């Protein structure tokens, strides 16, 4: 009634990257207790985008993380009111992305609202040149702090060339009402682009995420 074993979501993003404004609207579905989800996203303003899709793809759903039975699933516990998160990503060539997100449960669906700001990407780097090829699998190190949940990630983007482009990521997740925090644990994440049209104005994504104890 709050969270079924199968749940749909709607997402809206408004963003800019190096000053290029855009909007994206999407719909997805997944199995929140199995840690799996898919979404289809559409660029509704600002398309086609002059930058790599991959810097957007991790901003489109942490209600869909499989947790062990003995770890409180802080973000699921926050619903129906939900939670907010704030993220900063520092890319190795100076690019910066800051993201703020609102998550709620309305009429049996999750509703995601995202605001994104990317700045200082080199005009000759892989993001503005669209030279990226998807994210390697990640491990998000989770820990409680200041009454919030924090996650840190060393994220690695593959390049069409071969080789690497790294980002350091830190996210704060906060429930809209007090919720019991877990201890430290890790979330293993894999995000795939499963389909896209030639210019990435329509993209389909798949993500699997699983929480694991990092001690014991």
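Positions refer to the first chain, counted from 1.
Q.
Zero if continuous, otherwise a range: how many residues of the deposited sequence are missing coordinates between residue 60 and residue 61 (none, 1 to 3, 4 to 9, 10 or more)?
A. Going from residue 60 to residue 61, the model skips 1 to 3 residues of the deposited sequence.
Q) Which wins on mean Cα temperature factor, 33-41 or 158-166? A) Averaged over C-alpha atoms, the B-factors run higher in 158-166.
Q | Segment of higher mean CA temperature factor, 147-155 or 187-195 | A | Going by the record's values, the stretch with the higher mean is 187-195.
Q. Considering only 78, 103, 106, 120, which residue's Cα atom bears the greatest B-factor as recorded?
A. The C-alpha B-factor peaks, among 78, 103, 106, 120, at 106.
Q | Third of the chain, ranked by Cα B-factor, where residue 213 sits | A | It belongs to the middle third of the chain when residues are ordered by C-alpha B-factor.
Q: Tell me, lowest, middle or highest third: where does the Cα B factor of residue 49 rank within its chain?
A: As the PDB entry reports it, the C-alpha B-factor of residue 49 lands in the highest third of its chain.
(Q) Taking only the Cα B-factors deposited for this chain, tell me whether residue 69 sits in the lowest, middle or highest third. (A) For residue 69, the deposited C-alpha B-factor lands in the highest third.
Q: Would you check the entry's CA temperature factor for residue 134 and let me know if it's in the chain's lowest, middle or highest third?
A: Highest third.
Q | Chain thirds of CA B-factor: placement of residue 116 | A | Answer is lowest: the recorded C-alpha B-factor places it there.
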